[PDB]
Amino acid sequence: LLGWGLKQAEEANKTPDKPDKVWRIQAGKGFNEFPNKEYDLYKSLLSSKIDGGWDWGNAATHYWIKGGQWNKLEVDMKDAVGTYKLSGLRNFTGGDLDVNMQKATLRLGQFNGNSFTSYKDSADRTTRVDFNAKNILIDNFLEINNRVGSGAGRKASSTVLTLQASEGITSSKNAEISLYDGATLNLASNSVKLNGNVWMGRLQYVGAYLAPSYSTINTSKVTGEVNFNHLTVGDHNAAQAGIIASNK
Amino acid sequence: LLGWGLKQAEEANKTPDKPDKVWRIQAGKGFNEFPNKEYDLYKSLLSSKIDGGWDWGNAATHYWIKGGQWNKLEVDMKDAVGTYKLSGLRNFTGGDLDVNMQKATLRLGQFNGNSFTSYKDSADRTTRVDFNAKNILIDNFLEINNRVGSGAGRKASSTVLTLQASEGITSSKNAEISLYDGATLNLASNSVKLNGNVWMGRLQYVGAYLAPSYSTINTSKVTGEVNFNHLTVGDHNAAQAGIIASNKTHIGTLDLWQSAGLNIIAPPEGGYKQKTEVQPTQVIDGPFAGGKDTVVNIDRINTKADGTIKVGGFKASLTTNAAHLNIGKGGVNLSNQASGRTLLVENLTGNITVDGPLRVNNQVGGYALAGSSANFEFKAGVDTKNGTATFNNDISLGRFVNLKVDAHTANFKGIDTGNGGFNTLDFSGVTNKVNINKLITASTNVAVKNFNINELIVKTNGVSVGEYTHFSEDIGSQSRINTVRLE
Amino acid sequence: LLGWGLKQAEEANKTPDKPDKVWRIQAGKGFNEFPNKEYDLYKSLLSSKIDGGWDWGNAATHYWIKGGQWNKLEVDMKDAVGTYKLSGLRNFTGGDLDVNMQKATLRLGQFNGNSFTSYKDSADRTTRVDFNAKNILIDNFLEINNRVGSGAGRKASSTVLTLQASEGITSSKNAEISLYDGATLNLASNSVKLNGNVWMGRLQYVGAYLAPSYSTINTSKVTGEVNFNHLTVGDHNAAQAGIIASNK
Numbered sequence: 060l061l062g063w064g065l066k067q068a069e070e071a072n073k074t075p076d077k078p079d080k081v082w083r084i085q086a087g088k089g090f091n092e093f094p095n096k097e098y099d100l101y102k103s104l105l106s107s108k109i110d111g112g113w114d115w116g117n118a119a120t121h122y123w124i125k126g127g128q129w130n131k132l133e134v135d136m137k138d139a140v141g142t143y144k145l146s147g148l149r150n151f152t153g154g155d156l157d158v159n160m161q162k163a164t165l166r167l168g169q170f171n172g173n174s175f176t177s178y179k180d181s182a183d184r185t186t187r188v189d190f191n192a193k194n195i196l197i198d199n200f201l202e203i204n205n206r207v208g209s210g211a212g213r214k215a216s217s218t219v220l221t222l223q224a225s226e227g228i229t230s231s232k233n234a235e236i237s238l239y240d241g242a243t244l245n246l247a248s249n250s251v252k253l254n255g256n257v258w259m260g261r262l263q264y265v266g267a268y269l270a271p272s273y274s275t276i277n278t279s280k281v282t283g284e285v286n287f288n289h290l291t292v293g294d295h296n297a298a299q300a301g302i303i304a305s306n307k
Numbered sequence: 060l061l062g063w064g065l066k067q068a069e070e071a072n073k074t075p076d077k078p079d080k081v082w083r084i085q086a087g088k089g090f091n092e093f094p095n096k097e098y099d100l101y102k103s104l105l106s107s108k109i110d111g112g113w114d115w116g117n118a119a120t121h122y123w124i125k126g127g128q129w130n131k132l133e134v135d136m137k138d139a140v141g142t143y144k145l146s147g148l149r150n151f152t153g154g155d156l157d158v159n160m161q162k163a164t165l166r167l168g169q170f171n172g173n174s175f176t177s178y179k180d181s182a183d184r185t186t187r188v189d190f191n192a193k194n195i196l197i198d199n200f201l202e203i204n205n206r207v208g209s210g211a212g213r214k215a216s217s218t219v220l221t222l223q224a225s226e227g228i229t230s231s232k233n234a235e236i237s238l239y240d241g242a243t244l245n246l247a248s249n250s251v252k253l254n255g256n257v258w259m260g261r262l263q264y265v266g267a268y269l270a271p272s273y274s275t276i277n278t279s280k281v282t283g284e285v286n287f288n289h290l291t292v293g294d295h296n297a298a299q300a301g302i303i304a305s306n307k308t309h310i311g312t313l314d315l316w317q318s319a320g321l322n323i324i325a326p327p328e329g330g331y332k368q369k370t371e372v373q374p375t376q377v378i379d380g381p382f383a384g385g386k387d388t389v390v391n392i393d394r395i396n397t398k399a400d401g402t403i404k405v406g407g408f409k410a411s412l413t414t415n416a417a418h419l420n421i422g423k424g425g426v427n428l429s430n431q432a433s434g435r436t437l438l439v440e441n442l443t444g445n446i447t448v449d450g451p452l453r454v455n456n457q458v459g460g461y462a463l464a465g466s467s468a469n470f471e472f473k474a475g476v477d478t479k480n481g482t483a484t485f486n487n488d489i490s491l492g493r494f495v496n497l498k499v500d501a502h503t504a505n506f507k508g509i510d511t512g513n514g515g516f517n518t519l520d521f522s523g524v525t526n527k528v529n530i531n532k533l534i535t536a537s538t539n540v541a542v543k544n545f546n547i548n549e550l551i552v553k554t555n556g557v558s559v560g561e562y563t564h565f566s567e568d569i570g571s572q573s574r575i576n577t578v579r580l581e
Numbered sequence: 060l061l062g063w064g065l066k067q068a069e070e071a072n073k074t075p076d077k078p079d080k081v082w083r084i085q086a087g088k089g090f091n092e093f094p095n096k097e098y099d100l101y102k103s104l105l106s107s108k109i110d111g112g113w114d115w116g117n118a119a120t121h122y123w124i125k126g127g128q129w130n131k132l133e134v135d136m137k138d139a140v141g142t143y144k145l146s147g148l149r150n151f152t153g154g155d156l157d158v159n160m161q162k163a164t165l166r167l168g169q170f171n172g173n174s175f176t177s178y179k180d181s182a183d184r185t186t187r188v189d190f191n192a193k194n195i196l197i198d199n200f201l202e203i204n205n206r207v208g209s210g211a212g213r214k215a216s217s218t219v220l221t222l223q224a225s226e227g228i229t230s231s232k233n234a235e236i237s238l239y240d241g242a243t244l245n246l247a248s249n250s251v252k253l254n255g256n257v258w259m260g261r262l263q264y265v266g267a268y269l270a271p272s273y274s275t276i277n278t279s280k281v282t283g284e285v286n287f288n289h290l291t292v293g294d295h296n297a298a299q300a301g302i303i304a305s306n307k
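Chains as they are written, first to last, in UniProt numbering: chain A, 60 to 307; chain B, 60 to 332, 368 to 581; chain C, 60 to 307.
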């Protein structure tokens with residue numbers, strides 16, 4: 060009912076959140092001397108301050124940071140050389156990651172996909188998940204603001220995912236990026252070339268055929284060559300996606 | 060998870076409810092002297108003690124009796140002559156109507172349909188809506204135990220609707236009776252002839268594709284001629300409907316789902332019939383044997399099939415208790431998606447007499463790919479083990495379709511598998527004889543222990559090799575072929 | 060510390076319990092005319108008034124009768140002819156079954172075993188599970204008063220299982236009857252011949268090496284030929300089993 064131009068304008072200027080317990084993790088020695096090692100990133104580094112679980116209501120899995128979904132985690136590598144992978148961080152409710160990886164290659168998929176979701180509390184929080192890699196190489200599917208399990212329990216509010224390489228964000232052939240009712244996706248590399256099914260707007264719940272279902276892929280900072288391959292807007296509803304592109 | 064035979068057995072013997080405030084209304088003078096007047100029934104009589112409203116949560120409309128949904132209303136005409144109509148009593152939650160109308164014609168639809176629903180309180184109540192007219196004449200749609208609005212608020216428990224004419228319950232052409240997860244429908248007239256889309260089992264909620272969704276149409280008392288016209292079981296779930304019929308059940312087009320059941324149960328041979371707290375005895379019945387003169391004359395079995403892809407099929411089925419499961423000239427259709435759909439035309443204590451072409455996707459050939467193994471299946475006389483499966487039509491199997499018959503004596507007239515190939519023509523369940531009249535094979539997996547095929551055509555498969563006719567089990571001694579003719 | 064002769068003497072004369080809601084089920088028509096049919100007994104008959112679940116604490120499975128473990132279920136066939144099987148009723152806490160099956164063959168195992176357990180409430184109840192078949196034919200393992208899951212949550216009190224055929228109670232080769240700290244087992248057929256590992260006394264909990272762990276197999280009514288094959292008393296504790304036999 061509002062339209063996309065009001066909803067994006069009210070998500071474009073928000074202070075992030077007010078987190079108590081800003082956890083901080085710094086990758087020390089060991090990481091910055093093996094330039095081909097193919098680490099894991101969850102189990103080798105991030106699993107210290109990210110604890111999974113089971114949500115009663117919409118019950119599939121559950122992830123947050125530490126002691127509730129209102130705690131910021133920030134990770135500061137800045138020199139860790141290698142190639143890191145997520146591979147299975149599904150239904151991450153969480154809140155305010157920050158992974159600073161200069162001169163490091165990321166990989167958002169290996170045998171399993173990823174998800175980045177929020178919950179609708181009374182505070183209406185976003186999740187502001189950041190990555191700052193050098194290549195990103197999506198390489199499996201990634202849902203942004205999905206449904207956690209099935210409908211009941213707690214509902215899902217908006218989110219923001221920011222991917223900020225400095226050499227390129229490619230993708231696989233079967234890597235379906237699929238962002239839903241509240242999700243955005245900021246890209247800031249040069250020469251984004253998503254060779255997979257980008258799916259803006261999707262049925263968040265199983266029967267909500269009258270949802271507004273906005274989305275955004277703000278590729279404004281991409282100084283190179285934006286190149287989608289198969290964009291797909293809308294699924295059994297009146298979706299109004301939008302792209303804030305970069306003049307090519 | 061329970062199955063239909065337990066759920067119907069726990070709804071068949073319940074005391075109705077415990078209502079405070081049993082309202083009573085008696086139609087007095089005025090009604091019983093105008094035999095053609097075409098009254099209304101809600102606004103002229105029933106609106107005194109039925110008050111509508113608006114429910115917050117699942118918000119469309121709302122109806123109850125008086126001061127909550129736990130109050131019985133009973134109406135006692137017994138002499139009011141005319142023709143009454145409901146015409147628009149939608150989302151009636153209510154509880155325990157009783158409309159006694161001898162020598163009166165009812166009409167459950169005029170420009171609008173009806174609905175009879177309950178709510179899921181902590182007491183788990185039914186609604187036991189009754190009518191006792193002389194003709195009923197449904198004439199527009201009627202939902203039993205529907206969804207009230209959309210999902211939220213209060214959910215819907217079971218219900219019972221009883222229609223008890225004494226001259227006949229006909230229906231329109233566009234009168235879609237559609238009963239859902241908890242609903243039943245008792246009929247007690249003579250010569251029910253529902254000429255509309257009876258829809259047992261339906262998506263009660265908008266996304267609940269994993270609901271059990273039982274139902275029942277207990278036409279046991281119908282002393283005349285039960286006659287459906289278009290029955291449709293299941294809708295995007297694993298519905299298990301059931302009919303407790305009255306030993307003569309002509310239906311027309313039957314449309315199962317991928318994973319839908321049906322239990323047409325004929326009657327038996329003699330016909331029907368602190369402090370501790372002793373619950374009443376719950377008599378519960380296993381699958382018995384229908385009587386001798388019990389017929390189920392289905393005349394078309396389609397199957398709707400679309401959706402996902404599972405590692406198996408889905409095995410639509412209908413299970414009968416009748417001594418004769420005739421199937422008429424429309425035969426058997428079977429829609430086939432990527433995985434292999436399956437039809438199970440079972441008969442526990444009877445025979446099967448199919449007189450129609452076994453189509454696939456509504457053509458007689460019916461090609462199917464390797465992953466899509468369209469599996470026909472028949473079970474004539476499972477529990478008594480002396481049931482024949484007579485086919486009086488020249489059947490025709492295309493490619494990757496697998497007829498199997500598990501009977502006592504599987505008579506035939508002609509099988510054509512020389513067209514497509516890869517045809518598992520199983521007969522391993524057959525007790526002794528498979529009296530096929532004519533056989534055409536290309537790449538067949540015949541498994542018969544005793545047969546009499548008095549004509550055999552064996553065709554080749556063009557230029558490909560490794561594919562051949564294969565009697566892949568013990569042929570025994572008493573076998574016989576009166577003519578072999580290779581080509 | 061009490062010894063077996065006091066503990067059996069205090070379980071031998073107890074009034075059963077005081078159950079509210081004595082559910083009653085009667086097998087009607089259909090069952091009594093197919094003498095070879097090989098029914099199932101849980102799913103075809105008993106699943107109406109026995110509902111499973113999940114117990115939090117010692118979490119494997121959970122079974123009771125209806126609305127708590129203090130409700131008696133009694134089933135009255137008395138003419139149902141066939142051959143019935145249980146096949147998988149594990150961790151039945153329940154309380155006071157009664158299955159009356161004259162002229163019917165039972166089978167307490169087909170691809171899965173059985174269990175009959177209680178809980179230690181403040182009322183100290185038993186479970187008094189009865190069967191009254193014609194042959195019984197155990198044919199897979201059966202634990203009496205086992206541990207439900209692992210230790211925590213609610214503990215297990217005593218139980219009584221009574222098997223009352225009228226033609227014989229045989230058993231398989233791999234059918235390990237194994238009754239624990241509180242369990243008994245009354246047999247009342249003629250010619251019991253248990254060809255499996257009868258295991259009186261067993262570690263109920265994972266580390267309780269100082270449990271008393273009594274048991275009893277009261278085969279007093281067996282008018283025929285009692286015949287065990289491999290009896291095994293005690294397991295890593297001071298178990299004191301006992302058999303009240305029938306002079307052969």
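C-beta atoms are modelled at their ideal positions from N, C-alpha and C, and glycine is treated no differently.
Quick check: what's the CA-CA separation for residue i versus residue j?
| i | j | result |
| --- | --- | --- |
| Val81 of chain B | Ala163 of chain B | 24 Å |
| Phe287 of chain B | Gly255 of chain B | 8 Å |
| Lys527 of chain B | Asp488 of chain B | 18 Å |
| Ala68 of chain B | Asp99 of chain C | 17 Å |
| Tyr178 of chain C | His289 of chain A | 60 Å |
| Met160 of chain B | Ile84 of chain B | 13 Å |
| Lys307 of chain A | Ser279 of chain A | 10 Å |
| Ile236 of chain A | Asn173 of chain A | 10 Å |
| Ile303 of chain B | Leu61 of chain B | 18 Å |
| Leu419 of chain B | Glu92 of chain C | 21 Å |
| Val559 of chain B | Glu97 of chain C | 44 Å |
| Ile197 of chain B | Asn576 of chain B | 58 Å |
| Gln368 of chain B | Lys131 of chain C | 15 Å |
| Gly266 of chain C | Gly210 of chain C | 9 Å |
By DSSP, does residue i sit in helix, in strand, or in coil?
| i | result |
| --- | --- |
| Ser106 of chain A | helix |
| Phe90 of chain C | helix |
| residue 337 of chain B | Between 332 and 368 the numbering of chain B has a gap, and residue 337 of chain B falls inside it, with no coordinates. |
| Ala68 of chain A | helix |
| residue 27 of chain A | Residue 27 of chain A lies beyond the range of chain A shown here (60 to 307); nothing can be said about it. |
Give the DSSP bridge partners of residue i, in chain order.
| i | result |
| --- | --- |
| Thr164 of chain C | C:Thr142, C:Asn194 |
| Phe287 of chain B | For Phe287 of chain B, which the question treats as bridged, DSSP gives no partner whatsoever. |
| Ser225 of chain B | According to DSSP, which records beta bridges pairwise, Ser225 of chain B is partnered with nothing at all. |
| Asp79 of chain A | The partner list for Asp79 of chain A (beta bridge, DSSP) is empty, contrary to what the question assumes. |
| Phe545 of chain B | According to DSSP, which records beta bridges pairwise, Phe545 of chain B is partnered with nothing at all. |
Rounded C-beta distance between residue i and residue j? I'm assuming under 8 Å.
| i | j | result |
| --- | --- | --- |
| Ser274 of chain C | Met259 of chain C | 4 Å |
| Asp294 of chain A | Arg184 of chain A | Actually they do not touch by this definition, with Cβ atoms about 26 Å apart. |
| residue 342 of chain C | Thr221 of chain C | Outside the modelled stretch of chain C, which goes from 60 to 307, sits residue 342 of chain C, for which no answer is possible. |
Requested in this report: Please list the residues of the segment 532–552 of chain B that have a C-beta atom closer than 7 Å to any C-beta atom in chain A, keeping them in chain order.
Outcome: none
Report task. Taking only beta carbons into account, state which residues of the segment 70–101 of chain C come closer than 8 Å to chain B, listed in chain order. Result -> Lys77, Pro78, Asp79, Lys80, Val81, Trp82, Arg83, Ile84, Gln85, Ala86, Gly87, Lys88, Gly89, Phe90, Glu92, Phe93, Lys96, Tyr98
Requested in this report: Name, going along the chain, the residues of the segment 105–129 of chain C whose beta-carbon falls closer than 7 Å to a beta-carbon of chain B.
Outcome: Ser106, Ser107
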